[PDB]
Amino acid sequence: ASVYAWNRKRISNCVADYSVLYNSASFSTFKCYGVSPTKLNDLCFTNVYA
Amino acid sequence: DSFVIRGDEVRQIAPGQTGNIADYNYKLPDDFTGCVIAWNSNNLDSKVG
């Protein structure tokens, strides 16, 4: 969407590998706050929202 | 130490880094002492094809 109407996807009942993502040539920038990207594969969350 | 890598992967050459170069090719220690020097060599190391 146009950014004033930004999309949200709720994430639940699932797993993922994050480690490939910050290695991927698909992305021009990757950042994190309150978590290290290196640590994401060891963690769990009540929800994520993309 | 010396090697060639793509200019994007130069950010992996630091103490305590991660990603395929830092993980599987060239690991600096977390308490490294020294200098990391890099320069664009597209005019030297690249070849047509």
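Residues numbered from 1 in each chain as written, not as in the entry; some residues may be left out. Chains lettered and ligands numbered in written order. Part of a larger assembly, values for the part shown. Heavy atoms only, no water.

By the method listed in its record, cryo-EM, this PDB entry was determined to a resolution of 3.57 Å.

Draft legend 1. Quick peek at the overall build of chain B. Looking only at helices and strands, one finds 2 helices and 0 strands in chain B. For chain B, the spread of C-alpha atoms along the three principal axes comes to 40 × 20 × 15 Å. Of all 49 residues assigned to chain B, the portion counted as buried reaches 16%. With 4 positive and 7 negative side-chain charges, chain B shows a spacing of 9 Å between the two charge centroids. (Helix = DSSP H or I, 4+ residues; strand = E, 2+ residues; numbered from the N terminus. Buried < 20%, exposed > 50% of the residue type's maximum accessible area, 1.4 Å probe, protein only. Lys, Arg positive; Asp, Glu negative; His and termini not counted. Charge placed at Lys NZ, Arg CZ, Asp CG, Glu CD.)

Draft legend 2. Structural context of unusual backbone geometry. Residues and elements named next belong to chain A. The phi angle at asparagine 13 is positive, at roughly 60°, despite the residue not being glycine. Within the secondary structure layout, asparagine 13 lies in the loop between β1 (10-11) and α1 (19-23). The class of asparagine 13 is exposed, set by a relative accessible area of 82%.

Draft legend 3. Structural detail: the environment of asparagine 42 of chain B. Residue and element names in this part refer to chain B. One can find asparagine 42 in helix α2 (residues 42-45). In this structure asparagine 42 comes out as exposed when scored by relative accessible area, which is 53%. For the pair formed by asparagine 42 and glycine 7, sequence separation is 35 residues and the distance between their alpha carbons is 9.6 Å.

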